[PDB]
Every structure is written in structure tokens, then in C-alpha cells.
Amino acid sequence: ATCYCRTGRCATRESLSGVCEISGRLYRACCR
């Protein structure tokens, strides 16, 4: 299971699977 931290919406056929912190900011995990 490959997963990304993404500043925008998930790529789709990609599910939002958690969150991630980069530089004081939350963003979407997206796993495919």
C-alpha cells in the first residue's frame, strides 16, 4: 500500500486514509 501526503484533494481511486503534518500544517493522506 503506497500512500502520499498531498496538499490538495486525493488523486482519486485513491482513498483518504489519514493525515500528515508538514511545517505546521495538516494535509491529506491518500493511499492507493
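Shown for chain A, in order and in Swiss-Prot numbering: 63-94.
How was it done? The header gives X-ray crystallography, 2.8 Å.
The backbone N, Cα and C atoms fix where each Cβ goes, and this holds for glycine too.
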Candidates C65, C67 - disulfide partner of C82 as recorded in Swiss-Prot: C67
Per Swiss-Prot, the disulfide partner of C72, chosen from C92, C93: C92
Integer Cα-Cα distance in angstrom, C72 (disulfide bond) to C93 (disulfide bond): 8
DSSP three-state assignment for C67 (disulfide bond): strand
